[PDB]
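Peer 1: I'd like to ask some things about the structure below.
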Amino acid sequence: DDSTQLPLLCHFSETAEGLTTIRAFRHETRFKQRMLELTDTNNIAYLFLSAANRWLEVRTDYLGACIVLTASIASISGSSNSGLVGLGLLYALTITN
Amino acid sequence: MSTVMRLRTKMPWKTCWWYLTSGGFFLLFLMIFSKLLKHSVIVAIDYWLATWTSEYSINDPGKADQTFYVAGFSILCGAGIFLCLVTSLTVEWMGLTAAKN
Amino acid sequence: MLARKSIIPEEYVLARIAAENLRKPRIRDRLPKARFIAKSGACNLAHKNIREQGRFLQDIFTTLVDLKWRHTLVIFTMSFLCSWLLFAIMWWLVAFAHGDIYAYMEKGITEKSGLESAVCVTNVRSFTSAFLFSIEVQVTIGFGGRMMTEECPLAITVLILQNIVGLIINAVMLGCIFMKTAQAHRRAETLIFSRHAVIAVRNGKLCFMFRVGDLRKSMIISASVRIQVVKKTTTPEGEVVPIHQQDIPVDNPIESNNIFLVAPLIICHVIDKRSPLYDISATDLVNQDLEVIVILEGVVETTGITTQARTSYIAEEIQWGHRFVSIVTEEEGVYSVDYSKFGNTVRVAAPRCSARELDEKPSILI
Amino acid sequence: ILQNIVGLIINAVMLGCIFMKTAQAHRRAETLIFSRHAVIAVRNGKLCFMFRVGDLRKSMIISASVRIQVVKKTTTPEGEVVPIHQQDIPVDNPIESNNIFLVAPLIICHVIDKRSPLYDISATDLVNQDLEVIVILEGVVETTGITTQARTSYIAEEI
Amino acid sequence: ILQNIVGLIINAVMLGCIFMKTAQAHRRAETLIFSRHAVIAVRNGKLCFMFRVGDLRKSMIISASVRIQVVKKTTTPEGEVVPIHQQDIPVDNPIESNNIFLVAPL
Amino acid sequence: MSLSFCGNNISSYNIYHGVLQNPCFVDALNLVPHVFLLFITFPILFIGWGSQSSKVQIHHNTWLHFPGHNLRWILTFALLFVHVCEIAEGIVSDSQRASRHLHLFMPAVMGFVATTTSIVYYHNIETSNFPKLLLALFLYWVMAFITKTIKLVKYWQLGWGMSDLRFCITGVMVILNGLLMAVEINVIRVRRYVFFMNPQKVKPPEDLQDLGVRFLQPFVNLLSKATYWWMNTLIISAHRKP
Amino acid sequence: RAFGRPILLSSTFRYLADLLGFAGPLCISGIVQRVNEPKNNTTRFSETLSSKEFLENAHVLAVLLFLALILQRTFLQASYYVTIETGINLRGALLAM
Ligand SMILES: Nc1ncnc2c1ncn2[C@@H]1O[C@H](COP(=O)(O)OP(=O)(O)OP(=O)(O)O)[C@@H](O)[C@H]1O
Ligand SMILES: Nc1ncnc2c1ncn2[C@@H]1O[C@H](COP(=O)(O)OP(=O)(O)OP(=O)(O)O)[C@@H](O)[C@H]1O
């Protein structure tokens, strides 16, 4: 991501200081088809980062939910006072989050 | 530079040691002590609430002598709040001093 | 959780070695390589966008015959278990409906009756018994403490159906086992090729040589050697022949393309006018887009199966100026060859000009 | 005794039927594909007859061979009459040999010499002319080892 | 269940082995014969090398081919001394093709 | 005593006064379609379908989801959940009794395994365009409807009531199975797998065509779109090379 | 009306997941209020299930909570992914403009 954001700004900046020359030499389409490519590479880098972070969250949340089940069943069929059932349930739920 | 098979897979964990005890050595143990105390108090208030709640599960008729449970809950909650206020200040002080040095 | 809320840092300064190092090339070639066929068989072309022909269940059966031995046993066992179970359930339902379960339970709770004169299928009382009766009927065991009386015709229909389907299963599975046992010699192909190619000097002209050998104690019959050069050309009228394969003679005492393969050999190829190797020089033969294919064909007398072995050469691997060490050596009482000197090559006097000129300048000296 | 023997024979025969079925499972259908029509181009300062052959298999055809024939109603100068006579046209390789290796689609070519019957024909008047070009491609499949031969033809209307 | 499955599989394997023998029934050992001496004689005023080959079996072989080689330690002109040099030699038939018909001793 | 499927009591297996009118027999007839589907589909899926009948080195990269995609997966998941609920209710009810009467529980577990295997069949069918095979699924679902339907009516003829859990479970399952049957019919209509004039023709979808499409999140199945399986490969590829 | 539909779809999924998410506290209360009071014997129980009765089978509610959590986390994460992709497309269009 940090590697695909430096060029995407630089290009814009260039096309901002040289408008008279750029619009004279009539190379507009050659530059637009480059702005599009730069911005698309940057967007795909960001999208893959966001998908990876969400992937991690989904997997770890399912692991936490499995913990929730294996804690509730352990506390249900066991020999313990109700204080350590209520505390256990609540804390095992927060651990998941 | 062959980091991926070998360098990347292990965390730096050595520059990290320098960062942890960076501003000195007495600005770290304060953070560790305050963190552990705050976390233990934050668990203990709920533990006490559970014990008080559980001790009267059967005593349906008389909800009396509830001054001890209330006193315990209030004192533990106040102490926990104080430790919570302390710990963050300790951590931020450590970070600021480490950055300065 | 929202790592970069503070977005303010932008265009403050980066100004660095990203590519403006000036002492390191910015470019990253990354060195991808494409060859017509891989170094170890497996022709690597790219068919795509071909009008597909769908599928048909005969292809599924065709897959069934071609399986590794550690999966045929598994499919065998699963087939047998599923068949026994399915017919056990059918028998259990038949026993339920005809009023046999109730009769046996009521007259065996009190042993006073001892009545088995009116039952659909004797001595089937539970699902366990049904799943032991189905065993006694499918495998032709027939323990026979459980006869089938003649009355309930639904049971007889189920028996006919199950016996015939069981025979089908047995016949198909026996066929699979026999087919896989007959074609059991056909392990794989084990033709060993030298990797590096020399261009020595011999018999007044250059060459093109490598080494090939076998490992199976059966030599290969009617072996044939074909050598081709792969390059893109165009007509003088200019049409793009995308990857033209050109056939080139492999020299021999009578100009015929059989070779007898017992001790490893040199496979010469004299460069002459028609050969595309007329125009390649010493310092030239590191830069070129060429691919020389070698195709070996024969049959193995043991298994009686025709085999074709493929390999590929590129101009980058070929190392001018060498030849192959004489691997053989007359031993104490019998010839021998050490394949350990397979890829070993040595250097000897090698002219640096092109055979294009090795007759143009008529001095064997270069 | 009679019934047991008959049952044994019946079981053996049907077992043989299943073995033959399994053996003849693998082959499915012919798979070498020839073009809709051919071409007659100019290549290397002399006209050449070209056609296109492709493969659809996963394996490759061992020892493939291609043969080309010219069908024409013919006579002999001394008077004999030949009704649907065949012949053969020399398929060309730089080595005068006919084995061909087919992994990429290929364009088989044949060069017109003074001795092929495909030399005295005109250009405009091919479409109205009694000829036929037969292509026969044989080989041996590597996976199952069954020799196969696939055929096709091109006529005047489709050249 | 375990014993039944093992028994049926064993029956299949044994049937297959017996099938292999019943398929190789027609196979036998080496059956072509060459003399115990070559000879070197004069044929049409030319000094030529000849030997004898025969078949001692029931059928007539198809599409035979007789190839002859010389294994010798020659001297390579430029040091590529290859000790066991195999050089092919041309058999004779007025069509310049090797194939030979084997009915009687040849 | 034994390990029963209608209890340890003799009068629970009788077949007088209605062979389809005794509840345990209706339970078995419901058990039949599930095991039939399982026994047809486990060997068929195991036998593999990968025979390279042509040059398939770059043909495996394309697969086009069948006409009705999202409703089938979501409804099948709903059926899995409803069957889980029925299993749970059965287990609890058996746990409130003396013997181990199995007619409340085992049919539901068999249904669970059968629905899971049904979705397995759908996935393995879809990857390889071969529409004919999915006809099997049609039969399964259709057959299933009949059996389950009888239970409802045979409850309604005895008036078990609309307040009881079992009535709710059976009704939910009936209507969900019907909707899935509708999905199958629509697939038959759009893909032309049996008796339209001829099988239809389509071009496989355009991202997968160009080998630049790698962020394949928009192009994969909803149960895999939900647990982000599309990224899986790349992440486990973090050891080999950057 | 241009690049906003998927945000509505994400909001629908988010609302449904948010509604199902509260099953943690309620199931915790149910399980706790079942485990405490003693119910050893002699209460008539011939009829198999009463709608109200199913909800408090203490072990049962644990399974219901497990499934509810493992569904809520997946639905919420799906919502996040859809809205993220919408945002990335919106940024790309705005930069191009
Ligand atoms: N003794 C051998 N056994 C098996 N294969 C061999 C042997 N010698 C050479 N080869 C084959 O030669 C090919 C070239 O391999 P490589 O270049 O690694 O070794 P080499 O230089 O040819 O021989 P060596 O390894 O003895 O130096 C390989 O495909 C290999 O299979
Ligand atoms: N890409 C392909 N995929 C599958 N089969 C092909 C392909 N190209 C050609 N064929 C087969 O080769 C034969 C010759 O095809 P050719 O392209 O010469 O004819 P065509 O005029 O394109 O035929 P059509 O009008 O049916 O497309 C056809 O019968 C076809 O079955």
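Every chain in the structure tokens takes a letter, A first, then B, and so on in the order presented; its residues are numbered from 1, and the ligands are numbered from 1 following the presented order.
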Using only C-alpha atoms, which chain A residues lie at most 8 Å away from chain F, written as a PDB file with N, CA, C and O atoms, in the first residue's frame?
Peer 2:
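Final file, iface-v3.pdb:
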```
ATOM      1  N   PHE A  48      -7.139  -5.422  -1.386  1.00  0.00           N
ATOM      2  CA  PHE A  48      -6.627  -6.684  -0.870  1.00  0.00           C
ATOM      3  C   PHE A  48      -6.227  -6.557   0.590  1.00  0.00           C
ATOM      4  O   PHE A  48      -6.425  -7.500   1.363  1.00  0.00           O
ATOM      5  N   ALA A  51      -9.489  -6.847   2.530  1.00  0.00           N
ATOM      6  CA  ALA A  51      -9.978  -8.215   2.529  1.00  0.00           C
ATOM      7  C   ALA A  51      -9.158  -9.090   3.460  1.00  0.00           C
ATOM      8  O   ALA A  51      -9.710  -9.950   4.146  1.00  0.00           O
ATOM      9  N   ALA A  52      -7.842  -8.888   3.507  1.00  0.00           N
ATOM     10  CA  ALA A  52      -7.029  -9.672   4.431  1.00  0.00           C
ATOM     11  C   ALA A  52      -7.379  -9.387   5.886  1.00  0.00           C
ATOM     12  O   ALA A  52      -7.525 -10.317   6.691  1.00  0.00           O
ATOM     13  N   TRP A  55     -10.613 -11.041   6.625  1.00  0.00           N
ATOM     14  CA  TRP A  55     -10.395 -12.478   6.734  1.00  0.00           C
ATOM     15  C   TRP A  55      -9.912 -12.845   8.122  1.00  0.00           C
ATOM     16  O   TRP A  55     -10.418 -13.789   8.744  1.00  0.00           O
ATOM     17  N   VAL A  58     -12.762 -12.665  10.619  1.00  0.00           N
ATOM     18  CA  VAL A  58     -13.743 -13.747  10.516  1.00  0.00           C
ATOM     19  C   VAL A  58     -13.198 -15.022  11.137  1.00  0.00           C
ATOM     20  O   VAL A  58     -13.869 -15.678  11.944  1.00  0.00           O
ATOM     21  N   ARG A  59     -11.973 -15.393  10.768  1.00  0.00           N
ATOM     22  CA  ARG A  59     -11.399 -16.623  11.306  1.00  0.00           C
ATOM     23  C   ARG A  59     -11.278 -16.553  12.825  1.00  0.00           C
ATOM     24  O   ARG A  59     -11.666 -17.491  13.538  1.00  0.00           O
TER      25      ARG A  59
END
```
Peer 1: Could you give me, as CSV, a per-residue list for chain C showing, wherever an atom lies at most 12 Å from an atom of chain A, the closest pair of atoms and their distance in Å to one decimal, using only C-alpha atoms and sorting by chain then residue number from low to high?
Peer 2:
```
residue,atom,partner,partner_atom,distance
C:1,CA,A:53,CA,9.9
C:2,CA,A:53,CA,10.9
C:3,CA,A:53,CA,11.1
C:10,CA,A:9,CA,9.1
C:11,CA,A:9,CA,8.1
C:12,CA,A:6,CA,11.3
C:13,CA,A:6,CA,10.2
C:14,CA,A:6,CA,8.1
C:15,CA,A:6,CA,9.9
C:16,CA,A:6,CA,10.9
C:18,CA,A:3,CA,9.0
C:19,CA,A:7,CA,11.5
```
Peer 1: Set the cut-off to 6 Å, count only C-alpha atoms and all ligand atoms, and list whatever residues fall near ligand 1 as a PyMOL selection string.
Peer 2: chain C and resi 192-195+339-344
Peer 1: Just write the chosen residues, N, CA and C atoms, as a PDB file, in the first residue's frame.
Peer 2:
```pdb
ATOM      1  N   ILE C 192      17.246 -41.763 -19.656  1.00  0.00           N
ATOM      2  CA  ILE C 192      18.128 -40.773 -19.055  1.00  0.00           C
ATOM      3  C   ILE C 192      18.865 -40.033 -20.160  1.00  0.00           C
ATOM      4  N   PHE C 193      18.790 -38.710 -20.129  1.00  0.00           N
ATOM      5  CA  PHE C 193      19.405 -37.853 -21.130  1.00  0.00           C
ATOM      6  C   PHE C 193      20.536 -37.051 -20.509  1.00  0.00           C
ATOM      7  N   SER C 194      21.613 -36.863 -21.261  1.00  0.00           N
ATOM      8  CA  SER C 194      22.551 -35.823 -20.882  1.00  0.00           C
ATOM      9  C   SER C 194      21.883 -34.464 -21.017  1.00  0.00           C
ATOM     10  N   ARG C 195      22.305 -33.522 -20.182  1.00  0.00           N
ATOM     11  CA  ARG C 195      21.686 -32.204 -20.183  1.00  0.00           C
ATOM     12  C   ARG C 195      22.436 -31.199 -21.038  1.00  0.00           C
ATOM     13  N   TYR C 339      28.007 -44.013 -15.251  1.00  0.00           N
ATOM     14  CA  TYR C 339      27.065 -42.926 -15.492  1.00  0.00           C
ATOM     15  C   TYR C 339      27.346 -41.700 -14.630  1.00  0.00           C
ATOM     16  N   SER C 340      28.248 -41.797 -13.654  1.00  0.00           N
ATOM     17  CA  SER C 340      28.575 -40.628 -12.853  1.00  0.00           C
ATOM     18  C   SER C 340      29.273 -39.563 -13.675  1.00  0.00           C
ATOM     19  N   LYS C 341      29.880 -39.934 -14.791  1.00  0.00           N
ATOM     20  CA  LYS C 341      30.470 -38.944 -15.683  1.00  0.00           C
ATOM     21  C   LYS C 341      29.512 -38.558 -16.802  1.00  0.00           C
ATOM     22  N   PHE C 342      28.215 -38.476 -16.491  1.00  0.00           N
ATOM     23  CA  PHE C 342      27.203 -38.197 -17.509  1.00  0.00           C
ATOM     24  C   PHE C 342      27.272 -36.754 -17.995  1.00  0.00           C
ATOM     25  N   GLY C 343      27.023 -35.796 -17.102  1.00  0.00           N
ATOM     26  CA  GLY C 343      27.041 -34.394 -17.460  1.00  0.00           C
ATOM     27  C   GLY C 343      28.412 -33.769 -17.510  1.00  0.00           C
ATOM     28  N   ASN C 344      29.445 -34.552 -17.226  1.00  0.00           N
ATOM     29  CA  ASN C 344      30.811 -34.062 -17.298  1.00  0.00           C
ATOM     30  C   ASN C 344      31.202 -33.801 -18.748  1.00  0.00           C
TER      31      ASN C 344
END
```
Peer 1: What is the atom CA of residue A:82 to atom CA of residue G:32 distance in Å?
Peer 2: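 Separating atom CA of residue A:82 from atom CA of residue G:32 is a distance of 7.6 Å.
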Peer 1: Taking only C-alpha atoms into account and nothing else, which residues of chain E lie no more than 9 Å away from chain C? Please answer as a list in words.
Peer 2: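 Listing them in order of chain and number gives residues 1, 4, 5, 8, 9, 12, 13, 15, 16, 17, 19, 20, 23, 76, 77, 78, 79, 80, 81, 82, 83, 84, 85, 86, 87, 88, 89 and 90 of chain E.
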Peer 1: Using only C-alpha atoms, which chain B residues lie at most 9 Å away from chain F, written as a PDB file with N, CA and C atoms, in the first residue's frame?
Peer 2:
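Wrote it out as out.pdb, contents follow:
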```pdb
ATOM      1  N   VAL B   4      12.534 -13.461   3.660  1.00  0.00           N
ATOM      2  CA  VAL B   4      11.266 -14.158   3.705  1.00  0.00           C
ATOM      3  C   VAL B   4      11.347 -15.567   4.257  1.00  0.00           C
ATOM      4  N   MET B   5      12.273 -16.380   3.786  1.00  0.00           N
ATOM      5  CA  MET B   5      12.337 -17.713   4.350  1.00  0.00           C
ATOM      6  C   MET B   5      12.761 -17.644   5.806  1.00  0.00           C
ATOM      7  N   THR B   9      10.012 -14.158   9.068  1.00  0.00           N
ATOM      8  CA  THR B   9       9.231 -15.058   9.916  1.00  0.00           C
ATOM      9  C   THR B   9       9.406 -14.906  11.418  1.00  0.00           C
TER      10      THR B   9
END
```
Peer 1: Report as a PDB file with C-alpha atoms, in the first residue's frame which protein, DNA and RNA residues come within 12 Å of ligand 2, using only C-alpha atoms and all ligand atoms.
Peer 2:
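result.pdb written:
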```pdb
ATOM      1  CA  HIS C  47      -4.705 -24.688 -25.400  1.00  0.00           C
ATOM      2  CA  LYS C  48      -7.663 -22.464 -24.521  1.00  0.00           C
ATOM      3  CA  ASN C  49     -10.971 -21.188 -25.926  1.00  0.00           C
ATOM      4  CA  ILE C  50     -11.624 -24.615 -27.487  1.00  0.00           C
ATOM      5  CA  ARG C  51     -15.226 -25.493 -28.302  1.00  0.00           C
ATOM      6  CA  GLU C  52     -15.949 -27.911 -25.465  1.00  0.00           C
ATOM      7  CA  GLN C  53     -17.735 -31.224 -26.007  1.00  0.00           C
ATOM      8  CA  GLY C  54     -19.416 -31.516 -22.606  1.00  0.00           C
TER       9      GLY C  54
ATOM     10  CA  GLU D  30     -11.863 -40.080 -33.125  1.00  0.00           C
ATOM     11  CA  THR D  31     -10.071 -36.936 -32.037  1.00  0.00           C
ATOM     12  CA  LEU D  32      -7.866 -35.538 -34.830  1.00  0.00           C
ATOM     13  CA  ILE D  33      -9.545 -32.530 -36.408  1.00  0.00           C
ATOM     14  CA  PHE D  34      -9.112 -31.267 -39.966  1.00  0.00           C
ATOM     15  CA  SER D  35     -10.062 -27.844 -41.277  1.00  0.00           C
ATOM     16  CA  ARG D  36     -13.346 -26.788 -42.833  1.00  0.00           C
ATOM     17  CA  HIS D  37     -11.413 -26.233 -46.050  1.00  0.00           C
ATOM     18  CA  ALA D  38      -7.871 -25.916 -47.338  1.00  0.00           C
ATOM     19  CA  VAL D  39      -5.738 -23.270 -49.038  1.00  0.00           C
ATOM     20  CA  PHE D  51      -4.237 -27.672 -45.094  1.00  0.00           C
ATOM     21  CA  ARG D  52      -4.691 -27.474 -41.342  1.00  0.00           C
ATOM     22  CA  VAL D  53      -4.647 -30.363 -38.857  1.00  0.00           C
ATOM     23  CA  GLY D  54      -5.171 -30.030 -35.121  1.00  0.00           C
ATOM     24  CA  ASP D  55      -5.325 -32.217 -32.048  1.00  0.00           C
ATOM     25  CA  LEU D  56      -7.726 -32.227 -29.118  1.00  0.00           C
ATOM     26  CA  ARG D  57      -6.295 -35.055 -26.991  1.00  0.00           C
ATOM     27  CA  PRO D 105      -1.816 -27.253 -34.610  1.00  0.00           C
ATOM     28  CA  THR D 152     -10.844 -36.693 -44.272  1.00  0.00           C
ATOM     29  CA  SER D 153     -11.162 -35.209 -47.740  1.00  0.00           C
ATOM     30  CA  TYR D 154     -11.329 -31.903 -49.593  1.00  0.00           C
ATOM     31  CA  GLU D 158     -14.594 -26.443 -50.847  1.00  0.00           C
TER      32      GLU D 158
ATOM     33  CA  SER F  54      -8.908 -33.205 -23.943  1.00  0.00           C
ATOM     34  CA  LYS F  55      -6.244 -30.522 -23.512  1.00  0.00           C
ATOM     35  CA  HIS F  59      -9.577 -25.348 -19.079  1.00  0.00           C
TER      36      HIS F  59
END
```
Peer 1: May I have the residues within 9 Å of residue E:37 as a list in words, using only C-alpha atoms and disregarding those fewer than 2 positions away in the same chain?
Peer 2: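 Listed by chain and then number, they are residues 34, 35, 39, 51 and 52 of chain E.
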Peer 1: Go ahead and dump the residues you just picked, N, CA, C and O atoms, as a compact mmCIF listing (two decimals), in the first residue's frame.
Peer 2:
```
# COMPACT_ATOMS: atom_id res chain seq x y z
N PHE E 34 20.99 -68.36 -35.10
CA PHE E 34 22.11 -67.96 -35.93
C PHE E 34 23.22 -69.00 -35.83
O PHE E 34 23.33 -69.71 -34.83
N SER E 35 24.02 -69.11 -36.88
CA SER E 35 25.06 -70.12 -36.92
C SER E 35 26.04 -69.91 -35.78
O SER E 35 26.03 -68.90 -35.09
N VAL E 39 30.89 -66.49 -41.92
CA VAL E 39 31.80 -66.85 -43.00
C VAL E 39 32.14 -65.61 -43.81
O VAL E 39 31.44 -64.59 -43.75
N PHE E 51 26.41 -64.76 -43.14
CA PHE E 51 26.13 -65.71 -42.06
C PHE E 51 24.77 -66.34 -42.32
O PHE E 51 24.12 -66.05 -43.33
N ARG E 52 24.30 -67.16 -41.39
CA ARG E 52 23.10 -67.95 -41.59
C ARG E 52 22.10 -67.68 -40.48
O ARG E 52 22.46 -67.65 -39.30
```
Peer 1: May I have the residues of chain C within 6 Å of chain F, counting only C-alpha atoms, written as a ChimeraX atom specification?
Peer 2: /C:55,60,63,102
Peer 1: Got time to write the residues from that selection, C-alpha atoms, as a PDB file, in the first residue's frame?
Peer 2:
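Output below, filename again.pdb:
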```pdb
ATOM      1  CA  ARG C  55     -19.051 -34.699 -20.569  1.00  0.00           C
ATOM      2  CA  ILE C  60     -16.622 -41.308 -15.181  1.00  0.00           C
ATOM      3  CA  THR C  63     -11.780 -42.628 -14.517  1.00  0.00           C
ATOM      4  CA  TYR C 102     -44.648 -57.415  16.353  1.00  0.00           C
TER       5      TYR C 102
END
```
Peer 1: What residues in chain A lie within 8 Å of chain G, counting only C-alpha atoms, written as a ChimeraX atom specification?
Peer 2: /A:35-36,39-40,43,46-47,50-51,54,57-58,61-62,65-66,68-69,72-73,76,82,85-86,89-90,93
Peer 1: Taking the DSSP assignment computed from this structure's backbone, write out as JSON, numbers by chain all residues of stretch 1-152 of chain D that belong to alpha helix (DSSP H).
Peer 2: {"D": [2, 3, 4, 5, 6, 7, 8, 9, 10, 11, 12, 13, 14, 15, 16, 17, 18, 19, 20, 21, 22, 23]}
